[PDB]
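Below you'll find only one chain, the form deposited in one PDB entry, shown as structure tokens.
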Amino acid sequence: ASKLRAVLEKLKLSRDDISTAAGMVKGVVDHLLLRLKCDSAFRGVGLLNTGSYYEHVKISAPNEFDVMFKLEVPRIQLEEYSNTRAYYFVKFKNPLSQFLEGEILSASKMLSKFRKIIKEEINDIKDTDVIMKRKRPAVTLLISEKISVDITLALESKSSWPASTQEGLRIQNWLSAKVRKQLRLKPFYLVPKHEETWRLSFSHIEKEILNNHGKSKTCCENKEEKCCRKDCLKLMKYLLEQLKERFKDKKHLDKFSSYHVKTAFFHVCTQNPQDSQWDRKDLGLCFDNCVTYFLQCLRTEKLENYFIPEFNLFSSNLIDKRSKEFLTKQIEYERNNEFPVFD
């Protein structure tokens, strides 16, 4: 636990210090935003959080940025695909008309114009050299030679969340019912990727919980109630990242993302709603409990999506047991040796 705060300390003195990347990424995103608004099918495109041109998926490499473009779709009609609970067909009741296939909205057609427009504005820049990669995040730019930006297009609906989210977000005992209501009055977002099916994105709700995360309204506003909810999250993610880097060559960890680690983390927060159970001085315990809960989801092949509870990110179909037994192998090995992968 003395070693964990060393790691947290290291990450900060790399988050913090001066780096021109923001300017380069700011200058390219606002060019794109304009030329995007130029075209009718994207006239409403905008950043999911202005002034937040900076969101880093990867907490180790701080040269890899990731921003999301929203585009409202009024009068949406949603249709759940194949009893999946999580994936849907997008329909209507129209600027996006050039992208349909019958009553159904095609993500392929829609990204394909999103991409081609972007590939065009990028050579309007003799300021910075910008390059677009082919895919296999909708679009990825390499700015100069170090920085890379992952762009994501997301439909936005201001109507209330899809029926599958009803018993979800069980934060009543921790953040409170009246907060849960507020958050569910926020819009929801749909991003592609199986059919032309879309799925919900809740990065905006995650962020809000994280900036206001205690049962106490004054959690982390003074010395007397500093917790370690965020710290346990960063460590969970850094664990998975570093592991994924290790076996970037093999294919064993390709099915895991930061979001399996956020999902399991918020579950713990729901099991442990008191700030007294996250005191900044129990950081070693609290992290261990997180490690133990993640693991337990791996073994039992059960980890409920935090927002759509009948949807199991670890079901034997979504990720096969062989790779979950491998992820178990390395994390357990790290925890038994005080986490050498952190260096």
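For every residue, the number given is its place in the sequence shown, counted from 1. We call the rigid core the largest set of C-alpha positions that still match within 1.5 Å between the two forms.
The discussion below concerns the form deposited in another entry, not included here.
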| query | finding |
| --- | --- |
| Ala61 C-alpha shift between the shown form and the other one of 2 Å or more, rigid core reference | yes |
| CA of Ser19, rigid core aligned, shift of 2 Å or more between the shown form and the other one | yes |
| Flag for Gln296, CA shift 2 Å or larger between the shown form and the other one after aligning core | no |
| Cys286 and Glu55, C-alpha gap in the other form relative to this structure (3 Å or more) | closer |
| In the other form, whether the C-alpha atoms of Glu55 and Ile205 sit closer or farther than here (change of 3 Å or more) | closer |
